[PDB]
């Protein structure tokens, strides 16, 4: 059987570890994407909340949700329940926890098909365990089929540091060397399980900027003072909409039109922080529906953002506790001889974004010529010269792939 042809019954459901969540316009939006977008917002609001307004933030919530959905496969009892609760999977109307995997199956088949296009989307979620660990036979099948992940054994007990390098080597190798340190220089003999996940993305703007127009304008940091940023410039039709409290929403599609960058730029008078605190799937979904094609002037800066962290802490502060507890963790999916206390040592994540005139960490140079164009002098301008939010969504799937805050694109 194939990941894109796997029917629902191919995702075995054992009674010993099943959860049951109590009950509670336009095209069709998958239930799973909604559940993911809820975690994305929820999680982001936290991360931001604990970060200074002048810091850049960037992560892939889809990646995190995927790594743990793949992990909850071997979970059970309170471990399994908590995972469902934190990762909003239980908001899914009233289906069983095993069906969630059938969804990710259908979602991952769409996001990572080989049918090449201009924008490439590579996933890297793997679970690293010590050699002595034997991932259950059936747990393996699914983890691989549905999440294309392995349960790669390593030696943390004897010669840990050599395996930590093995890890960073793999990720680096899957992110085309753009992420070479997912595991900070955090591993030892007292390390049983390690979950690593990231998403690599590269794309070309469906509507490129001309480096010929990139001058150094001024970016106004949240602390009041300013600094210099490489400001890209262009004019054209874009899905746009100035929403509540004067906040501009801008969709910049990558070639292909199925993956787009959605920028949220609040008015000078409003603090990005006040908008981050108002984000919710419902509110985001509403803005995206109001976006209307339109000619306008775009002023977005060139920026590079490489954010990376250890999820364990924040996740626990969010309700994910057992999974990380040597005594509470219930992982019937993983097994070791004479070791009945399998827990997750940690979970690491790292996202990277390079944005210039070409697109997502693309770097060719494209010049542009426009003959005989005249725009209504009274045209809208989107000058992102103050902190703004960023989203990399997968439109046909209404899935939030990446999200961050460019609070300082200054050299």
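Positions refer to the first chain, counted from 1.
A.B. asks: Does the chain run continuously from residue 159 to residue 160, or are deposited residues unmodelled in between? Answer none, 1 to 3, 4 to 9, or 10 or more.
C.D. replies: Nothing is missing.
A.B. asks: Count up the deposited residues without coordinates from residue 24 to residue 25 and drop the result into none, 1 to 3, 4 to 9, or 10 or more.
C.D. replies: 10 or more residues lack coordinates between residue 24 and residue 25.
A.B. asks: For the stretches 220-228 and 161-169, which has the higher mean C-alpha B-factor as given in the deposited record?
C.D. replies: Looking at the recorded C-alpha B-factors, 161-169 comes out higher on average.
A.B. asks: Looking only at CA atoms, which has the higher mean B factor in the entry: 282-290 or 170-178?
C.D. replies: Between 282-290 and 170-178, it is 170-178.
A.B. asks: Highest CA temperature factor in the entry: which of 113, 237, 302, 206?
C.D. replies: Among 113, 237, 302, 206, the highest C-alpha B-factor in the entry belongs to 113.
A.B. asks: Looking at the C-alpha B-factor values in the deposited entry, which of 390, 17, 397, 401 comes out highest?
C.D. replies: By C-alpha B-factor in the record, 17 ranks first.
A.B. asks: Comparing against every modelled residue in the chain, figure out the third that the C-alpha B-factor of residue 371 lands in (lowest, middle or highest).
C.D. replies: It falls in the middle third of the chain.
A.B. asks: Would you check the entry's CA temperature factor for residue 63 and let me know if it's in the chain's lowest, middle or highest third?
C.D. replies: Lowest third.
A.B. asks: Consider only the C-alpha atoms of the modelled residues in this chain, order them by B-factor as the entry records it, and name the third containing residue 51: lowest, middle or highest.
C.D. replies: For residue 51, whose C-alpha B-factor we compare with every modelled residue in the chain, the answer is the middle third.
A.B. asks: Hey, what third does residue 197 fall into on Cα B-factor, ranked over its chain?
C.D. replies: Within its chain, residue 197 is a middle-third residue by C-alpha B-factor, going by the deposited values.
A.B. asks: Quick check on the deposited entry: does the C-alpha B-factor of residue 340 sit in the lowest, middle or highest third of its chain?
C.D. replies: Answer is highest: the recorded C-alpha B-factor places it there.
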